[PDB]
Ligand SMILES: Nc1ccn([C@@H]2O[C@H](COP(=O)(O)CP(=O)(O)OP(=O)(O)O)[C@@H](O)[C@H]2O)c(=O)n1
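A single chain comes next, written as structure tokens; it is the form solved without this ligand.
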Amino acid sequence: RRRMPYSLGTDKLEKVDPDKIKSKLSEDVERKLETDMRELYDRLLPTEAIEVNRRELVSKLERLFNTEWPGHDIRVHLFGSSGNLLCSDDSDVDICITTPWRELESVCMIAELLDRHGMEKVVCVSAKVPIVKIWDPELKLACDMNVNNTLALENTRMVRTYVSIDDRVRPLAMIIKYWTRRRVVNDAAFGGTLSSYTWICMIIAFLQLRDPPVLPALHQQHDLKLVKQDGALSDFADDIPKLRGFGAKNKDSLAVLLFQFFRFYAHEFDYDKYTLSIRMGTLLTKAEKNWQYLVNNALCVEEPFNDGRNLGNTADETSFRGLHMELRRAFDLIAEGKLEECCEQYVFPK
């Protein structure tokens, strides 16, 4: 299911004359783009009826696990879009199951239990982190779940903190995520594109590099870190009420930020030289991380909790060329306020 066909080649896109790149939206385009974005954001927001279904699934799973394997304090947690304020009604339910009972990390044992109790399309992937995928026919929800993936819970908590800092982040990130789904550039497993978490990091990194910045570098704000419930200091600043309002110095609207996001990644950002690091909040070079030797390093996005891992390693040179075309395609359409055409649903050739 290769998203970017090998026929694209690997050539770098041309450097367009800077005078031919639109510098800012016109007054009419921004006003219409602003209303079109807030109308779409209202459609993208989740509904209460589906929110209670996701909580019913969590409770149903937690009862099934504790009744089948009692005495192990098995708890079910939401993470990803389900826990960072960025999910929609059609989003999957991403679940992290925790227990001190290490035997539960054999996930096909979980797959058998859920299939035995009526779940459908039950597949286990025993893989980076083992995953059980189900489809709940009663609640009409798809669910991916892993066991003791505490890293996913922490960086979900980091994304949620970033979303809580500035009220423009949630609508901006949800609209961009919607764009990644419509263009089908959010499949790092089979399509060769970028993961949902990779895109969120690219959004945060863009917001950190604005002048003035919309978001801070939470990993570097040492004086704003709280003691977690395990007794350890949080790796990132998480004092949300004290962090709120950090981006108020930036006066750009939602419409301008969407325009600048695509403009940044279409023409401004030098993909060949720099690594995007939301951990540092500044640009790093590939050379200072020795990342000029990484295979699939055309796009370097540093994972904040493991600076030795490039989130963009799922994109080869052909996939990156197609990804760069989509970002330039998006920039040209948003520069004219064409939000609907920017989000045209991609369809795979037969």
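What we label the rigid core is the largest C-alpha set whose atoms superpose within 1.5 Å from one form to the other. Start at 1 and count along the sequence shown; that's the residue number.
The next section is about a form of this same protein that is not shown, the form solved in complex with this ligand.
Based on heavy atom distances of at most 4.5 Å to this ligand in the deposited complex, which listed stretch, 132-140, 92-100, 270-278, 245-253, is the contact stretch? Residues of 92-100 come within 4.5 Å of the partner.
Here the chain is shown alone; which of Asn148, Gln221, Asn155, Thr161 has a heavy atom within 4.5 Å of this ligand in the deposited complex? By the 4.5 Å criterion, the partner-contacting residue is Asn155.
Only one of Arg63, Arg309, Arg43, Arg31 has a non-hydrogen atom within 4.5 angstroms of this ligand in the deposited complex; which is it? Only one listed residue qualifies here, and that residue is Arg309.
May I ask whether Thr193, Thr318 and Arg328 each come within 4.5 Å of this ligand in the deposited complex, counting any non-hydrogen atom? No, none of the three is in contact.
Give a yes/no on whether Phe261 approaches this ligand to within 4.5 Å in the deposited complex, heavy atoms considered. No - in the deposited complex, heavy atoms of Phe261 and this ligand never come within 4.5 Å of each other.
Indicate whether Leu207 is a 4.5 Å heavy atom neighbour of this ligand in the deposited complex. Contact with this ligand, no.
Do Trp179 and this ligand come within 4.5 Å of each other in the deposited complex, heavy atoms counted? Flag for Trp179 set to no.
Does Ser234 make contact with this ligand in the deposited complex, using a 4.5 Å heavy atom cut-off? No, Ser234 stays farther than 4.5 Å from this ligand in the deposited complex.
With the partner left out here, which residues of 186-213 have a non-hydrogen atom within 4.5 Å of this ligand in the deposited complex? Result: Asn186, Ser195, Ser196, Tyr197, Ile200.
Look at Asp17 and decide if its Cα position differs by 2 Å or more between this form and the one not shown after superposing on the rigid core. The answer is yes; the displacement is at least 2 Å.
After a core superposition, would you say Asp230 shifts its C-alpha by at least 2 Å between this form and the one not shown? Yes, because once the rigid core is superposed, the C-alpha of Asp230 moves 2 Å or more between this form and the one not shown.
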